Amino acid sequence: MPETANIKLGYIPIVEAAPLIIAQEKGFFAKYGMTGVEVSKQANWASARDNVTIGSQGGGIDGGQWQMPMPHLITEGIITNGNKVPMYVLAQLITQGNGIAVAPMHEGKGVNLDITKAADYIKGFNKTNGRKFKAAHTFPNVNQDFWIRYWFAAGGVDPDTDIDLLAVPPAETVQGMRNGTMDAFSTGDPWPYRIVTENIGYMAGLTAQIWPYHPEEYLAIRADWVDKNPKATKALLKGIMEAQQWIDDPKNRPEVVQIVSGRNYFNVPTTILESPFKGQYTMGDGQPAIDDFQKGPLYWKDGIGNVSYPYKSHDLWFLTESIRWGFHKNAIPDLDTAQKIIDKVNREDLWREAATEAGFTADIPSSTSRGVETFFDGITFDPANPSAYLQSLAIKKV
């Protein structure tokens, strides 16, 4: 019996939110006693951040969906103006379902997955086209900022000095692309489908290509709530695990799409989500379309290991990449400090415990590390030596 059947979890209306919505709507949360879960739509990431800092009692949220390393940054008060609100990372919600969109003006320039040959074109855009190449994500220092930064830098473009990388709302960004004032957009489903079908732009590449089966969105809840309600926390985890398993069975995806697209959730036409849930993406710019289930969003198991289990080696990559770009210079000055933060935030042990109790022992990874990670450009990240990873990178601020 959970200590409480209630909790307010925030979500952003994108495919990464699926496990939360499905766990609620298909009764997986209820199956384990969590009959009072409120899946609350957040206006944007800044609002989500603010709402978890105030907690449910103050009218906000107890936890929810997050881009990494938001839970860690909030725990240390780094992005909350010093207001430290400890949080626990409990499960990875999904992998893939993200990608980089580029404006039509850049077609035929080689601005695809590997932009190496187009680097000079991008770097000299102000002289040749009247403005610095402009790219956007919707929140700094997290997932989507990292994806586009890695993509730019892998090809020789410094995302801080060579272009204008800004935090801009998604709708405003797409309008900018339509108006010809925005050049690239680090986004995710359902945006790519609309951008391409409405001829607003093309997809340079999917994160599924940049880093196959990469860590992405996570479930994280305030530490004070989890410490007070350990049983309820494990119940929520089991509900999420079952929802993830359910979502990954192709037979259930039409219903998954119908549910999340509903008026009370995403409130969008199912047509813009049907394709990606089959791993089908029209890429454009003369490149072949993608038609591979393994390249679409995955919620339970991927080609390497278990999606849901939160590998500490992935938390390490996010903080290592934060260090790469000189983010939070005073708060996270070294890798030792990063590991200390990870050891207080990542609660993979609770995922293991919940999985064991639920009878999913066969799906539990044998280590807290998924081993050496390989990016599309040949660079490898060995969790045992993040220093070597950083030193192997051409563009960085350390």
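Residue 417, in mature numbering (1 follows the signal peptide of the UniProt record, and there is no 0), is where the sequence shown stops; the numbers in between run on with no holes.
C-beta atoms are modelled at their ideal positions from N, C-alpha and C, and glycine is treated no differently.
C-beta atoms of residue i and residue j nearer than 8 Å
i: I41; j: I266; result: yes
i: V364; j: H91; result: yes
i: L317; j: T114; result: yes
i: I33; j: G174; result: no
i: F400; j: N160; result: no
i: residue 19; j: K297; result: Because the chain here runs from 20 to 417, residue 19 falls outside it and cannot be looked at.
i: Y408; j: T339; result: yes
Nearest neighbour of residue i, chosen from the options [CA to CA]
i: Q263; options: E57, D382 and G77; result: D382
i: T192; options: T387, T339 and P211; result: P211
i: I414; options: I398, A403, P273 and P402; result: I398
i: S294; options: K416, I119, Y408 and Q277; result: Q277
i: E22; options: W170, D246, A154 and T157; result: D246
i: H233; options: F165, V279, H347 and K416; result: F165
i: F48; options: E35, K60, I31 and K27; result: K27
i: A203; options: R343, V187, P307 and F337; result: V187
i: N349; options: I98, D181, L185 and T380; result: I98
i: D334; options: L185, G149 and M87; result: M87
i: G83; options: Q76, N70 and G77; result: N70
i: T216; options: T147, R168 and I291; result: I291
Nearest-angstrom beta carbon gap, residue j and residue i [assumed within contact, 8 Å]
i: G322; j: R389; result: Wrong, their Cβ atoms sit about 11 Å apart, outside the cutoff.
i: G29; j: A67; result: 5 Å
i: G258; j: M53; result: 6 Å
i: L185; j: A155; result: 5 Å
i: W370; j: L256; result: 6 Å
i: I182; j: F395; result: That pair is no contact at about 20 Å.
i: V417; j: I351; result: Not confirmed; about 11 Å, so no contact.
Coarse secondary structure for residue i, derived from DSSP in three states
i: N271; result: helix
i: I309; result: strand
i: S388; result: coil
i: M53; result: coil
i: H233; result: coil
i: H156; result: strand
i: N325; result: strand
i: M222; result: strand
i: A122; result: coil
i: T147; result: helix
i: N25; result: strand
i: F394; result: coil
i: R68; result: helix
i: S294; result: coil
Any contact of the segment 138–146 with the segment 184–201, i.e. 3+ C-beta pairs under 8 Å?
Two segments are said to touch when three or more pairs of C-beta atoms, one from each, lie closer than 8 Å; by this definition the segment 138–146 does not touch the segment 184–201.
Within the chosen definition, does the segment 233–248 reach the segment 103–112 through at least 3 CB pairs nearer than 8 Å?
A contact exists between the segment 233–248 and the segment 103–112.
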